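All remarks here apply to the structure that follows.
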Ligand SMILES: CCCCCCCCCCCCCCCCCC(=O)OC[C@H](COP(=O)(O)OCCN)OC(=O)CCCCCCCCCCCCC
Ligand SMILES: CCCCCCCCCCCCCCCCCC(=O)OC[C@H](COP(=O)(O)OCCN)OC(=O)CCCCCCCCCCCCC
Ligand SMILES: CC(C)CCC[C@@H](C)[C@H]1CC[C@H]2[C@@H]3CC=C4C[C@@H](O)CC[C@]4(C)[C@H]3CC[C@]12C
Ligand SMILES: CC(C)CCC[C@@H](C)[C@H]1CC[C@H]2[C@@H]3CC=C4C[C@@H](O)CC[C@]4(C)[C@H]3CC[C@]12C
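Chains as they are written, first to last, in UniProt numbering: chain A, 228 to 434, 437 to 626; chain B, 228 to 434, 437 to 626.
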């Protein structure tokens, strides 16, 4: 257990965060002009929010692995004597949340001299970078170095051998692609959409512009960076092991992401010019996003977790040896993993008709956190099945 | 050590309290009308503030006794297996501070329907009562019962035998008499000064009234309730032990409080009628408040702590066996205890000439909080000397 002050700091930051969030809500309800546009701020802060909300759930994941004898430290190939318990993750998440809440509160009131308001969204992320690559031996220097080595080995060519940490982080990126998109948005917005002379330009000067729409495919390209990484890693694992089934079908699972993304982007772009087969590119997209979903869903239950097993009839469609205490848990997860993997059926269908303007954005940002929550649920069973089945073949018996 | 969640709650409440205090400061600077009077609110909330600030320091006192082998549990005659560590006191103080900050913030903004603003100052204290006498077995039921038994044995006649807990609490009340006065103020103000029909009467309807001045001696009487208790307890100890010196001189030390209080009150009251010898009742008061101070100061060093000892020349005017690690500490305390026991020399002298209106109140409430700090310093050495000298004769060898 963390000796005496890590728990105290966890509580301190958790206590500051709640009241800062309530102050944020109240200031948003009351002291907003409701005259100029408001969407750029949401699109810029959505990334930081669902990153802090990713760390806060990874903490609970660590706790859940520890309290069930999973032995995750041996799986990840981590140093046995030194490793981060859940309290350190809670504390880092709380500190980043305090910084994020402060930087967002500083744009609503904007209590400051002539210096503009568009500095806080930048500076915040600057800190989030200058805290990660800090060369000094302070603020978890033993952790960020391993994190950066892993992130470099993942974000690169298949030149490196694939281990469980590489695959795990590359897959976590796959269900986290809103930060990448919602960082390219900030870059492209500060590039050619913000007039620096206006000291309030962070909120646009009217109640649109070419910043978000799929125009030159840059957004469509960045939509699947992680899919590319996982595809290439599966190809490399096959090249090095020559067993076709698992890794080839895995790469097939990710190719559907390429297909769905390109079809959706092409349909959305041809809608503008009013081309002929806008009914076709709308249909075919829906086809791929269907099969892709199925191609993923089965793989989450058959190969990832391994629940629908032939034997273990007493456990009623579970494994023969389960770890977590209460069986009912699994069942709910299944239902949840069936719902939240679909995800995109309700929001395209909510947008059947033009109910209101900025129809797309509001559903898009209410589903991102549920997407990152599905990944928080996925780990509990991926790591568990890895513990007592070696379904990945990383470990050599 | 508190197992896992008491430290977390200490941190949670400490984290909420800081930001609530900053919000209080900002709302006081910005959203106050600066048109009607503001003093009743300060006089009503001063008591809760310097009570929470008393508990928060008693926590550190407990920690300091524990970290020096004082064995305070045997001194107070407490149950050895069950007793409150410093974390529980920190947590109670933090919870009360959150409640107080919320109740004060609810009067500045007053965000509410037609219900008036003068309810929050009442309800707060109501809770502080309905949390202390709670008959259920919840929220430290083992502590408040002993506290109430002790408070009943102290607040009564000399019919009860005097033990160390009785003397200690009765003496702590002596340097805490601002809560009593600043509760009688609330009572006398809600009695005949607040027009209930006005839904903003908590702040008076103008930019005075007979509520604070010494008029019928009620304030002057309540000024020394604790002095009466300590005087009577010393008399009882003498009656039961027949040793004249310590307890008789002790009672002499408290009689000077009666004298100083009555002289000050009589002078302040005769100033109004413009009687003849207003120069005399101003002089004589100053005399008593002088000797009283000395009568206390020596007793804080000679008999209470026991520093100016004949032997122990190497320790340079300290005891022969000291407990606390660093000697220098003692010296500062002495100087501090020489300054803060005087206290009333700067404040009357700051009021030589009419520098500004509400001159008396501002110094009165800026020194209330240091007076309670002098008592936080006094304990560190009173209990220590009790440990290895038995200077009180409670313990029977
Ligand atoms: C505009 C938006 C852009 C924002 C840019 C900022 C980028 C990141 C912001 C802050 C970075 C987060 C802080 C770094 C997290 C450290 C967590 C950590 O150390 O996890 C490792 C942990 C065990 O590793 P140990 O530290 O014990 O290793 C000691 C033995 N070698 O092992 C674990 O239990 C696994 C946990 C790994 C956590 C992975 C966190 C990665 C999140 C970033 C990826 C997505 C960003 C695009
Ligand atoms: C308008 C203003 C009016 C406000 C009215 C409200 C009045 C009080 C408000 C809240 C009361 C505070 C909560 C009660 C404090 C409990 C502290 C406590 O329990 O201290 C006792 C502690 C050891 O006792 P144990 O609980 O371990 O006993 C178990 C073994 N029998 O022993 C210790 O270490 C000594 C600590 C004793 C603390 C004394 C606190 C008393 C403060 C109140 C006196 C002044 C009020 C006028
Ligand atoms: C229905 C939707 C909202 C969610 C349903 C599934 C969620 C709530 C369930 C599924 C998996 C569950 C986790 C499964 C395993 C553990 C470890 C156990 O030792 C403590 C509970 C804990 C930490 C559970 C927390 C709640 C949990 C996440
Ligand atoms: C000069 C004024 C403001 C104050 C000077 C005296 C104060 C600061 C000194 C006097 C007595 C000191 C305490 C004496 C004993 C202890 C216990 C020790 O194990 C830790 C430090 C601690 C807890 C000290 C805290 C600081 C202290 C209160």
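Where a beta carbon is used, it is the ideal one built from N, C-alpha and C, also for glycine.
Problem set entry | Listed by chain order, chain A residues near residue 240(B) by CB distance under 9 angstroms | For this step, residue 240(B) is matched to residue 13 along the second chain. The answer, in chain order, is 238 and 242.
Exercise. Between which two residues does the alpha helix (DSSP H) containing residue 318(B) stretch?
Worked result: Residue mapping note: residue 318(B) aligns to position 91 of the second chain, counting from 1. Residues 313–335.
Exercise. Beta carbon of residue 456(A), beta carbon of residue 498(A): below 8 angstroms?
Worked result: Taking the first chain and counting its residues from 1, one reaches residue 456(A) at position 227. Taking the first chain and counting its residues from 1, one reaches residue 498(A) at position 269. For residue 456(A) and residue 498(A), no; Cβs fall outside 8 angstroms.
Exercise. List, in order along the chain, the chain C residues whose C-beta lies closer than 9 angstroms to that of residue 335(B)?
Worked result: Absent from the structure is chain C; the protein chains it does hold are A and B.
Problem set entry | 8 angstroms Cβ cutoff met for residue 570(B) and residue 530(B) | Residue 570(B) sits at position 341 when you count from the first residue of the second chain. Residue 530(B) sits at position 301 when you count from the first residue of the second chain. It is not a contact, given that the beta carbons lie outside the stated cut-off.
Exercise. When the Cα of residue 335(A) is compared with those of 394(A), 449(A), 504(A) and 272(A), which residue comes out closest?
Worked result: Against the first chain, residue 335(A) aligns to sequence position 108. When only C-alpha atoms are compared, the closest one is 272(A).
For this session: Find out if the Cβ-Cβ distance for the pair residue 541(B), residue 606(B) is shorter than 8 angstroms.
Result: Start at 1 with the first residue of the second chain, and residue 541(B) comes out as number 312. Start at 1 with the first residue of the second chain, and residue 606(B) comes out as number 377. Not closer than 8 angstroms, so no.
For this session: Quick one: using the 10 Å Cβ neighbour count with 16 as the cut-off for buried, is residue 379(B) buried or exposed?
Result: The count along the second chain starts at 1 and reaches residue 379(B) at position 152. That one is exposed.
Exercise. In its own chain, which residues sit with a C-beta less than 7 angstroms from the C-beta of residue 280(B), not counting the 5 before and 5 after it?
Worked result: As a working mapping, residue 280(B) is identified with position 53 in the second chain. Only 598 and 601 meet the Cβ criterion.
Problem set entry | Whether residue 235(A) touches residue 238(B) by CB criterion (8 angstroms) | Taking the first chain and counting its residues from 1, one reaches residue 235(A) at position 8. Taking the second chain and counting its residues from 1, one reaches residue 238(B) at position 11. A contact, by the Cβ cut-off of 8 angstroms.
Exercise. Is it the case that the CB of residue 554(A) approaches a heavy atom of ligand 3 more closely than 7 angstroms?
Worked result: The sequence position of residue 554(A) within the first chain is 325, counting from 1. At least one heavy atom of ligand 3 is nearer than 7 angstroms to the Cβ of residue 554(A), so yes.
Exercise. So which of 472(A), 230(A), 543(A) and 517(A) has the shortest CA-CA distance to residue 488(A)?
Worked result: Residue numbering aside, residue 488(A) sits at position 259 when the first chain is read from its first letter. Among 472(A), 230(A), 543(A) and 517(A), the Cα nearest to that of residue 488(A) is on 517(A).
For this session: Report the option in 304(B), 614(B) and 604(B) whose CA atom is closest to the CA atom of residue 547(B).
Result: Translated into positions along the second chain, residue 547(B) becomes position 318. Minimum Cα distance to residue 547(B) is reached at 614(B).
Exercise. Does the beta carbon of residue 546(B) sit closer than 8 angstroms to a beta carbon anywhere in chain A?
Worked result: For this step, residue 546(B) is matched to residue 317 along the second chain. No, its Cβ sits nowhere closer than 8 angstroms to a Cβ of chain A.
For this session: Go to residue 541(B), then tell me how far its alpha helix (DSSP H) extends in each direction, as first and last residue.
Result: Along the second chain, read from residue 1 onward, the residue named residue 541(B) stands at position 312. Premise fails: residue 541(B) is in no alpha helix (DSSP H) and is neither H nor E.
Exercise. Mapping DSSP to helix, strand and coil, what is residue 263(A)?
Worked result: Walking along the first chain from the start, residue 263(A) turns up at place 36. Here residue 263(A) sits in coil by DSSP.
Exercise. Cβ-heavy atom distance between residue 423(B) and ligand 1 below 7 angstroms?
Worked result: Locating residue 423(B) in the second chain gives position 196, where the first residue counts as 1. Incorrect: residue 423(B) has no Cβ contact closer than 7 angstroms to ligand 1.
Problem set entry | 6 angstroms CB neighbourhood of residue 247(B) in its chain, flanking five on each side removed | Within the second chain, residue 247(B) is the residue found at index 20, counting from 1. Result list for residue 247(B): 328, in chain order.
Exercise. Would the C-beta of residue 558(A) count as close to ligand 3, meaning under 7 angstroms from any of its heavy atoms?
Worked result: Taking the first chain and counting its residues from 1, one reaches residue 558(A) at position 329. Indeed, a heavy atom of ligand 3 lies less than 7 angstroms from the Cβ.
For this session: Can you tell me which of the three DSSP states residue 363(A) falls into?
Result: For the purposes of this step, residue 363(A) is taken as the residue at position 136 of the first chain. In the structure shown, residue 363(A) sits in coil (DSSP, three-state: anything other than H, G, I, E or B).
For this session: Give every residue of the same chain whose Cβ lies closer than 7 angstroms to the Cβ of residue 250(B), excluding the five residues on either side of it in the sequence, and list them in chain order.
Result: On the second chain, residue 250(B) is found 23 positions in, with the first residue counted as 1. Once the five neighbours on either side are set aside, the close Cβ partners of residue 250(B) are 332.
Exercise. In terms of residues, what are the limits of the alpha helix (DSSP H) holding residue 525(A)?
Worked result: Working through the first chain from its first residue, we reach residue 525(A) at position 296. Taken as a continuous stretch (DSSP letters only), the alpha helix (DSSP H) holding residue 525(A) covers 507–528.
For this session: Would you mind reading off the limits of the alpha helix (DSSP H) that contains residue 376(B)?
Result: On the second chain, position 149 is the one that residue 376(B) refers to. 368–381 is the span of the alpha helix (DSSP H), which, as asked, contains residue 376(B).
Problem set entry | Contact test: residue 355(B) Cβ vs ligand 2 heavy atom, cutoff 7 angstroms | As a first step, residue 355(B) is located in the second chain; it is residue number 128 there, counting from the start. Yes; taking the cut-off as 7 angstroms, the Cβ of residue 355(B) has a heavy atom of ligand 2 nearer than that.
Problem set entry | CB contact check: residue 381(A) to chain B, cutoff 8 angstroms | Translated into positions along the first chain, residue 381(A) becomes position 154. Cβ-Cβ to chain B under 8 angstroms: no for residue 381(A).
Exercise. Listing by chain order, which chain B residues have their CB less than 7 angstroms from the CB of residue 235(A)?
Worked result: Sequence index remark: in the first chain, residue 235(A) carries index 8 (1-based). Those within 7 angstroms of residue 235(A) in chain B are 234, 237 and 238.
Problem set entry | residue 231(A) in three-state terms, based on DSSP | On the first chain, position 4 is the one that residue 231(A) refers to. Coil, per DSSP.
For this session: Can you grab the Cα-Cα spacing for the pair residue 622(A) / residue 395(A), in whole Å?
Result: Sequence index remark: in the first chain, residue 622(A) carries index 393 (1-based). Sequence index remark: in the first chain, residue 395(A) carries index 168 (1-based). Roughly 14 angstroms separates the two Cα atoms.
For this session: Tell me whether the beta-carbon of residue 425(A) lies closer than 8 angstroms to the beta-carbon of residue 433(A).
Result: Indexing the first chain from 1 puts residue 425(A) at position 198. Indexing the first chain from 1 puts residue 433(A) at position 206. No.
Problem set entry | Spatial distance of residue 270(A) from residue 316(A) (CA atoms) | What you label residue 270(A) is simply residue 43 of the first chain in a count that begins at 1. What you label residue 316(A) is simply residue 89 of the first chain in a count that begins at 1. Each residue's Cα considered, the two are about 26 angstroms apart.
Problem set entry | Residues in the stretch 246–263 of chain B having any Cβ partner in chain A nearer than 9 angstroms | 246, 247 and 250
Problem set entry | Assigned secondary structure, residue 248(B) (DSSP; H/G/I helix, E/B strand, else coil) | To locate residue 248(B), count along the second chain from 1; it is residue 21. Residue 248(B) falls in the helix class under three-state DSSP.
Exercise. Counting contacts by CB-CB distance shorter than 8 angstroms, is residue 231(B) in contact with chain A?
Worked result: In the second chain, the residue the question calls residue 231(B) occupies position 4. With 8 angstroms as the cut-off, residue 231(B) counts as an interface residue toward chain A.
Exercise. Taking just the CA atoms, how far does residue 369(B) sit from residue 278(A)?
Worked result: In the first chain, residue 278(A) corresponds to position 51, counting from 1. In the second chain, residue 369(B) corresponds to position 142, counting from 1. Cα-Cα distance, rounded: 45 angstroms.
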